[PDB]
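Undergrad: Can you keep this structure in mind? I'll have questions shortly.
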Amino acid sequence: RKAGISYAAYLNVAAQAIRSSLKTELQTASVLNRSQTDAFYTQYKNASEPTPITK
Amino acid sequence: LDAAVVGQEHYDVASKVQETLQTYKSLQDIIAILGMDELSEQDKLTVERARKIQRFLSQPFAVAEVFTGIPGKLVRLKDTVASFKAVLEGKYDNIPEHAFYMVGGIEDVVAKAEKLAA
Amino acid sequence: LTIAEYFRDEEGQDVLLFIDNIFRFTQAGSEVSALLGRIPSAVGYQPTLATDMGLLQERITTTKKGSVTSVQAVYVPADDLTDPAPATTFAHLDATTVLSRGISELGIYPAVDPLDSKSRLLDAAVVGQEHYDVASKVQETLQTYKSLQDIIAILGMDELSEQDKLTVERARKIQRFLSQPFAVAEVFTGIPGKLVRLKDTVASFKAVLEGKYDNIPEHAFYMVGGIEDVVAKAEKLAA
Amino acid sequence: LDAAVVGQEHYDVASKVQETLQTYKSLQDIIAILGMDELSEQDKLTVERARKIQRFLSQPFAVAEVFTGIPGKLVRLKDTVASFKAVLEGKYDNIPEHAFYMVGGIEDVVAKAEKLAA
Amino acid sequence: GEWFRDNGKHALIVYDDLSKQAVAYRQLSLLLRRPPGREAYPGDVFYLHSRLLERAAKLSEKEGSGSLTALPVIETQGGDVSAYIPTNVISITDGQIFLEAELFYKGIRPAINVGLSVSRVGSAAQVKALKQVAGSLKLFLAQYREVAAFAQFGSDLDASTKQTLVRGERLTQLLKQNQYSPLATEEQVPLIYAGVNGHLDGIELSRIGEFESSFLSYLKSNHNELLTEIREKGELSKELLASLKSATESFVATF
Amino acid sequence: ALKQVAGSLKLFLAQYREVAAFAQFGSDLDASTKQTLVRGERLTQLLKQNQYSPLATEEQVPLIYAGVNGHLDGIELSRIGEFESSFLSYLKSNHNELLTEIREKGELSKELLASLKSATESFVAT
Amino acid sequence: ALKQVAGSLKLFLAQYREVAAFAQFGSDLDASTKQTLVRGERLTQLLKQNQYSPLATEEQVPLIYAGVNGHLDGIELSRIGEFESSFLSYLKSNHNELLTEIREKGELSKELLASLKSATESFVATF
Amino acid sequence: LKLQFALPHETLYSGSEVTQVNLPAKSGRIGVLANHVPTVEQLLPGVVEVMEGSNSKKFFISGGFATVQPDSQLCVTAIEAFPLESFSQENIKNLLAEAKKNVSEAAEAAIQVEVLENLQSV
Amino acid sequence: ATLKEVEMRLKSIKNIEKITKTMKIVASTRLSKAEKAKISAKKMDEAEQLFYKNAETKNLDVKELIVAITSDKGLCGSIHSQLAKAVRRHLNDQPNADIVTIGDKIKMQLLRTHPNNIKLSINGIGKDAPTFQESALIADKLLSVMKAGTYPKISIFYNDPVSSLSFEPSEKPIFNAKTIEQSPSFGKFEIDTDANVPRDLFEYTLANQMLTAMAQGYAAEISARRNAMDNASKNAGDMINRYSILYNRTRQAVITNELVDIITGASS
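Protein chains in written order, with the authors' numbering: chain I, 4 to 49, 53 to 61; chain D, 358 to 475; chain E, 237 to 475; chain F, 358 to 475; chain A, 256 to 510; chain C, 384 to 509; chain B, 384 to 510; chain H, 10 to 113, 119 to 136; chain G, 1 to 62, 71 to 276.
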């Protein structure tokens, strides 16, 4: 997973599995909050610079 | 504005156009206090649709050309119904903000959206 | 007013006069005034709003021969307490009784609001330092209870400062204790009504305000008369 | 209040004082409800300046000595302009606001500012 | 209408509307130069309407038990119910049905504002069968108002209040109605019963209407005995209730 | 010659307050909003005018083209005053061609506007 | 005599009640004007009056002297009414010579001002 | 042995005395003795069995880290940890297996395969 | 002056007063939620930092990366402003740092003052309670687009929720792969020299301790919004009472004046 991702991502990828294969019966309100994010990122120079991609 | 008088399809379109626009007016104290980000994913969609709808009601009149410069457009009733139904059913959610504004029928809306590329 | 007056002047009683609704006495005065053709005054009321009130309210007083006490239903135009109608009326008021669907919705009868209702006579020189002191403390206790409800509703009963959970527990008692079964209401309720004499009321609540009956269950104080009926009721609750 | 009766220099000072005081007025309710914490940093500054300005326009009156408890001052027109020009130029932002309360000209502010030091 | 009321018969009178009559009354008076009052109405504009509306009454046994029931109508300006004439009449009648243009455009029709509407007679003149299933509905819709405009920005939803939104949106949608399509009470109670008892929480909102439809005719074909008993007794027995629970769930599952 | 440079200048100043009330509850400024706020702040400013001081139409026309077409946006808001007096003194010397053309024919050609495009860019770096 | 001991109390209280308005926090408890917040509550307490208790002008200035100058910033808020009756009785018996001089002079000489001063700290040490 | 089992969201064991903890370090299954040597090991996904004498609660684990302190403490830090009593009634594992690995996006869809076909090994 | 104007002013005030008195309660709905993720956060701090405590890990002195945490959502007293303070205070002792801003209000607070420094910016944040998935990806992008693991120092900035009534802007270090090795007591541990434990533990820690800051900063904010709306809806309530007097007067003088106008119109 080199020339590529990181230990923590590489760990989050497996972390979704536990949550998304816990029976819906108790996949809870707070539990789904953990399994998706709304975050975006925009790089900067001097005022803004490049594009605002999703995460 | 009665199904008996105008045809069921007509009235059904006309009513949802009002319901849609009544939601946008109810949501405005929210967007003012919590932005667009706070809206329900379906509310976000309904807000996006209403903007197009509210601009699709803009019409260049003929007598008005001495103000707008734009040639006066005249839309037929069946076009209108079929046009606002299409936009309701999400078939134009990709076409830009300005495209729907100050034109005639749905045909004209396509012409605006394209010419905003060159 | 005249009928009840006779009972003071001739039978020498303490008489009760209900007027329901006194505001309607004002708007009729206003109607007659208008029709006669008298220039209307502020907000359209009759130029004689105050003296019209006087010729009535003044007749309601205590004389050497007896008294006439008036319980007056007061409508308040537009919820505006400064409107000439209620403004004029209030000048003649010695107390208020506020029945409330807020109290009602708690199953507390009669539905008097213990905070809202007010008496120009809840004063040491009139009631005596005895009465007044229990009176204030009930009002202070029930008051801090009301203000803390926000945190009781979302932070649980657990998170009150050491003394506050004792006042709320006592306030909850006092709150129930303030309900009463009525003798008239029997034919709909079944529960035997109780005329609680004042001396008993003060003492019964003084006793609670000292915490002598902290142990006694809460459902007990509810729909009984004076203190003994709590003792009686609490002791049927084990059986 | 024209530049060609009072001087352009005199005119400009009072103008911006008014600008400032109208901005503090334009925010009065935002503040009264939500406090200083919800204001952009520009605004927050023009409010800190205007609050000084508003107290600086209050003056001990000779005839009002019985009410003030303070000796009465009679600032000169030329004095008044220069003083307020300086405050507009930011020269006295660090100084306590209360040093501006009930004084004469600019020198009285500093004179009293030190009285408020120790 | 009184001819009926006086002879042990029942008339319903609709005054459409008393806003316009009051204007007409003002017209005479201003023109006869009779003394004017607030908003130039005659000093007794109140009595014009209270004289009229007290004539609607239910009568004693000794007098025929005849009844005149009045449905007066007042138009408001911008919903302002504190206006001179509206308040006059609001204070005369035994209750309001306040309709709101807000709700109207939303699609909620009739646009009854549950908050500002009452029947001061209350239950005493509701079909017991209906009072049985329907009771406290107005109060739920009450708390549902608050919470819905408290979930507006509250995206944090405890299963308690979120579930209560579902009950709210369903009862609200059930109470929508086409014009000129009044229902019988024996059609109304089985419909409200399903609603209040959560049987509708599972069904998605867009199909509440088609539910009313299939459920009624299903009940008509299959569970007709229940409806007949609702109509002839206007009460619900514990057996009659059990039959209603069953037939609801029987249908709900099949659709 | 005024109508042409002043098209939708009123409708634009109308969409400017609309965005100024969006920034009233101060949030992040994007490609659209940070553009029109900075623009409209400078037109509002440009339409400030001293009393007892009317301007000829050949004076109004360049100033409005200067403002509307976007040659004022990178200039400090506080300096537009001196821009008015300075850009006019500049135009009176060199581009006197433009001003007496604009005065007389009252219109604008595709050629005249081309020269007005130049002169304004030609005075941007002082 | 009153005017002299009341020095900027009028102007003070309006300042205190304004300070106590910005006292909404809380997480920002000040050390500076927090002492005017004590004075205030002390002086507020002092001016409170039972109906039908009009005190003589001589019974007034000692109380106000104790407030203004600050011989009250230590005393608890629930015992200022006590301090009042306790301090009048004390003066009535002990320093009656002052109470008679205030009534008859109408002024306060520095000799009578320092005389009051002493009797104030004297009573403060004992409460 | 003392234990701090910590998650971002939940906090299972804090300070208390579990007698033996089993772990999945990289290429090493550790059963941490009551007095083990100071180690810092990376926890692959797997079962973290805590033994409290005659007891054991397994937890399937997202990943994380384990460190044995010089005071013989065990610090097991993970993202997700659930007791087996209600871990999984779904069974859309194979719905991800062939879904990921069959796509040649490329960098991470292939990366999401490596774990799933390993996770359900019990 | 006009009943219309007073009618509108009374409505927009009472409306504001619903907005704020509900955000006050939407906060308390979220208040218990805030203590879950708050202690759980401080709990892993005790668990995950105790290694570094024991390894005596400190900054190699051999160019900083500063990470500021707040939110996109305002109306929370001085959460944003006084973290910006403490970050500027810090930017005096080392001006040349790169700034990564998480949350839109700290972005523009800091964009006002040091617009050259900010070099990456994370959006759509304050909305829920913070998560590892968020953290880890922002972490991943920090490694990728920012080259975090080349920095002599890395700093996290957040507000630490001291009480329910007050908060405190604090700062914490993240040590990189090299810095973990050259710690004095790193040898005390029998880390298997095989895998770069120092690389992976850094990457894991960077993500892990951003989430701790996020969970904490989040909690303090909720309390700031609870308290700010506590004050706002009390001021608004106070305005309402005043204006309800002004409405009621204008209500009446408008009835009086119309009537005088009418009554005058028949003076003849």
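C-beta: ideal position from N, C-alpha, C; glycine also.
How about residue 516(B) and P437(B): do their beta carbons lie closer than 9 Å?
TA: Residue numbering for chain B in the displayed model covers 384 to 510; residue 516(B) lies beyond these limits and cannot be assessed.
Undergrad: Could you give the distance in angstroms between the alpha-carbon of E459(A) and the alpha-carbon of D136(G)?
TA: Distance from the CA of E459(A) to the CA of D136(G), rounded to the nearest whole angstrom, comes to 27 Å.
Undergrad: In this structure, does DSSP put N167(G) in helix, strand or coil?
TA: strand
Undergrad: Per DSSP, which residues does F14(H) bridge with? Please list them.
TA: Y22(H) and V85(H)
Undergrad: Measure from the alpha carbon of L83(G) to the alpha carbon of each residue in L396(F), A419(F) and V466(F), then state which is nearest.
TA: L396(F)
Undergrad: Just to confirm before moving on: does the CB-CB distance between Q416(D) and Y381(D) stay below 9 Å?
TA: no
Undergrad: In angstroms, rounded to a whole number, what distance separates the CA positions of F353(A) and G338(E)?
TA: In this structure, the alpha-carbon of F353(A) lies about 23 Å from that of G338(E).
Undergrad: Of the residues that make up the segment 227-253 of chain G, which ones have a beta carbon closer than 7 Å to any beta carbon in chain B?
TA: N239
Undergrad: Going by the CB atoms, is the gap between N184(G) and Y159(G) shorter than 9 Å?
TA: yes
Undergrad: Enumerate in chain order the residues of its own chain whose CB-to-CB distance from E357(A) is below 8 Å, with the five nearest sequence positions on each side excluded.
TA: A366
Undergrad: Which chain G residues are close to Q13(H), counting only those with a beta carbon under 7 Å from its beta carbon?
TA: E46 and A47
Undergrad: Please list, in chain order, all residues of the same chain as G248(E) whose beta carbon is under 6 Å from its beta carbon, the five residues on each side excluded.
TA: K301 and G302
Undergrad: Are there 16 or more other CB atoms within 10 angstroms of the CB of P291(A), so buried, or fewer, so exposed?
TA: buried
Undergrad: Would you kindly check if the distance between the Cβ of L392(C) and the Cβ of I447(C) is under 9 Å?
TA: yes
Undergrad: Does the segment 245-253 of chain G come into contact with the segment 94-114 of chain G, if we say contact requires no fewer than three beta-carbon pairs (one atom in each stretch) closer than 8 Å?
TA: no
Undergrad: In angstroms with no decimal places, state the Cα-to-Cα distance between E487(C) and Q375(D).
TA: 53 Å
Undergrad: Among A203(G), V262(G) and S32(G), which one has its Cα closest to the Cα of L3(G)?
TA: Of the candidates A203(G), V262(G) and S32(G), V262(G) places its Cα closest to the Cα of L3(G).
Undergrad: Can you tell me the Cα-Cα spacing of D112(G) and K61(I), whole angstroms?
TA: 16 Å
Undergrad: Is the CB of residue 479(F) under 9 Å away from at least one CB in chain G?
TA: The shown model of chain F, from 358 to 475, leaves out residue 479(F), and the question about it has no answer.
Undergrad: Quick one: residues in its chain with C-beta nearer than 8 Å to the C-beta of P54(H), no 5 flanking neighbours on either side, listed in chain order?
TA: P33, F69, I70, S71, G72, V129, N132 and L133
Undergrad: With DSSP as the reference, please indicate the residues paired to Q308(E) in a beta bridge.
TA: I255(E)
Undergrad: What distance in whole Å lies between the Cβ atoms of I88(H) and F140(G), which are believed to be in contact at a cut-off of 8 Å?
TA: 5 Å
Undergrad: Going by DSSP, what residue range makes up the beta strand (DSSP E) through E55(I)?
TA: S54 to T60
Undergrad: Could you please give the first and the last residue of the uninterrupted alpha helix (DSSP H) stretch that includes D436(D)?
TA: It spans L434 to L445 - the alpha helix (DSSP H) in which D436(D) sits, taken as one unbroken run.
Undergrad: Hey, would you say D411(A) sits closer than 9 Å to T20(G), going by beta carbons?
TA: no
Undergrad: Between the Cα of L329(E) and those of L335(E), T297(E) and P346(E), spot the shortest distance and give me the residue it belongs to.
TA: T297(E)
Undergrad: According to the Cβ coordinates, are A327(E) and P297(A) closer than 9 Å?
TA: Taking 9 Å as the cut-off, the Cβ atoms of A327(E) and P297(A) do not count as close.
Undergrad: Look at the Cβ atom of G462(D), then the Cβ atom of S440(D), and state whether they are nearer than 9 Å.
TA: yes
Undergrad: Check the DSSP bridge columns for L128(G) and list the partner residues they point to.
TA: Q46(I) and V108(G)
Undergrad: Can you name the residues of chain G whose CB is closer than 7 Å to the CB of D400(D)?
TA: Going along chain G, no residue has its Cβ under 7 Å from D400(D), so there is no contact; the nearest lies around 14 Å.
Undergrad: For the alpha helix (DSSP H) holding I410(D), just list the boundary residues, first then last.
TA: Segment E398 to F413, the alpha helix (DSSP H) holding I410(D).
Undergrad: Flag this pair as yes or no: are the beta carbons of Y226(G) and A76(G) separated by less than 9 Å?
TA: no
Undergrad: State the CB to CB distance for the pair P17(H) and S40(G), rounded to an integer number of angstroms; the pair is presumed to be in contact (CB under 8 Å).
TA: 7 Å
Undergrad: When Cβ atoms are compared, which residues of the segment 162-196 of chain G fall closer than 7 Å to chain H?
TA: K196
Undergrad: Return the residue from the list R433(D), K409(D) and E422(D) that minimises the CA-CA distance to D450(D).
TA: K409(D)
Undergrad: Please say whether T76(H) and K43(G) have beta carbons closer to each other than 9 Å?
TA: Not in contact: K43(G) and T76(H) (Cβ atoms no closer than 9 Å).
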